[PDB]
Structures are given as structure tokens and as C-alpha cells.
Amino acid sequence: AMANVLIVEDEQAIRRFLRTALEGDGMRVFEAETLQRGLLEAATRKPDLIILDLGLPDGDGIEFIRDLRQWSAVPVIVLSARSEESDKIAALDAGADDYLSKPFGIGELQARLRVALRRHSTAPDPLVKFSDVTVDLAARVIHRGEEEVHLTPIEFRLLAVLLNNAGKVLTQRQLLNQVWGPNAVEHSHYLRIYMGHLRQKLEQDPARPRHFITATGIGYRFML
């Protein structure tokens, strides 16, 4: 799931800035201090994206882009301290996909990185599991075995607030205040019926609950 970004940069302050930006958005960072090393690692490590500093002293970055483009279609984001239009035009025409002029912020750089990366890429939803039960919170879909089981809105809110507090005990009042609302922080009769429903639908033995545990007198706690 990790996006591999190769930075071609010799300056320590800029490399620090980039590393902060990239690690701040969940990407792995490869580094190269020279253009030649940059090409070598562009080949050997197959980055998903290359950030190139045109202010590299060891040679011409535009020729780096032209050399790279002879055998790779990897997205290239070019950085510069200059503002000259002809540089932008030349770099983009060489095969760069984006061009950032100083000053640039972390936010914009991250956004343009996401833009450049989303072209060569779904990511299934994270499930929560216990027994043979599967809960997809974002999708509001619950499975048990190979069959979907149907939860009503309150049943689902209950299940959710329980899942997000696994192992921890909740007072009937706070369960009520988080599922129903403030107006019924005393209606401690509902939860028995509804937890009864959850137990009925999800537990393998509703009589002896393994996941939906009642803390006698004080409230409830969920396990797994």
C-alpha cells in the first residue's frame, strides 16, 4: 500500500522539507544526491513517483528528464527556486508532469503528489472481525458466514459504539446518550431488548454471550 517516492536532491534543508512532506502523507522515501544516482535508482527501485530538484549542481535536470523518458513513464514532479517561464515550459516539454516554483507549502506539494499518484492506481474497506462475523462500518454492511445479516439503524449505532470501545465498560447512561441521545439517559429498558437483538443475530450461543458481555448493575462491554 506504500507509495515509493524517489527524491533527487543534494541540499539538506530541502531534503528535510521533502522528507517531512512525504512522510506526512504515508509515502516511503528513496533518496539520490546526484542525477546519475537518480537515474540508477529510478531503474533499480521502480519508484511510483520522482521529485527532482532542478537546482542540482552536477548537471542539467532537463536532460535528466529526457534521459529518463527514454525508458520510463514514471511521474516526475519538478521543483525550482527560479520563476522563469521558459524553464517551466522546457521541463514540462521534456516530460515532467508538474512544476513547483518557490515558495511552495507542504500542503500544495502533498496535493500535487496525490494528483500525480492517483493516475497509476482502489483499496477495499477495512473490516472488523470476531468469530465468523464481519463488520464494514463505512459500508454499513454486516456479514456472518457467507450470508449478510440485517441490522436496523439503532442496532447498528449500538454495534458501532461497542466496536469502538472493545474491552472497555460503558455505563448504561453513556450507551443511551450515544445511541439514543440525551432525552433517554434513563430509559435503561431499551438496551436489554436491543442487545438481545444483537446477541440473537451475531452470537453463536445467545444464551451464553462471548462478545456481548453485560456488566451487572453498571452497564455493558464488548469483546473482540
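Throughout, we count residues from 1 along the sequence that is shown.
Student: Gap size between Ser121 and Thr122, counting deposited residues with no coordinates: none, 1 to 3, 4 to 9, or 10 or more?
Tutor: Gap between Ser121 and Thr122: 1 to 3 residues without coordinates.
Student: For the higher mean C-alpha B factor in the entry, choose 169 to 177 or 24 to 32.
Tutor: Per the PDB record, 169 to 177.
Student: State which stretch shows the higher mean Cα B factor in the entry: 100 to 108 or 70 to 78.
Tutor: Comparing averages over the C-alpha atoms only gives 100 to 108.
Student: Of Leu162, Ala184, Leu49, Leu54, which one's C-alpha B factor is largest in the deposited record?
Tutor: So the option with the highest C-alpha B-factor is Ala184.
Student: With respect to C-alpha B-factor, does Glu9 fall in the lowest, middle or highest third of the chain as deposited?
Tutor: Ranked within chain, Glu9 CA B lands in the lowest tercile.
Student: Going by the recorded CA B-factors, say which third of the chain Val115 sits in, lowest, middle or highest.
Tutor: Lowest third, going by the recorded CA B-factors of the chain.
Student: Based on the entry's values, in what third of the chain does the Cα temperature factor of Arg45 lie: lowest, middle or highest?
Tutor: According to the entry, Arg45 has a C-alpha B-factor in the chain's middle third.
Student: Is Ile65 in the lowest, middle or highest third of its chain when residues are ranked by C-alpha B-factor?
Tutor: Answer is lowest: the recorded C-alpha B-factor places it there.
Student: When the modelled residues of the chain are sorted by Cα temperature factor, does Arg210 land in the lowest, middle or highest third?
Tutor: Its C-alpha B-factor, which the entry lists for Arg210, ranks in the highest third among residues of this chain.
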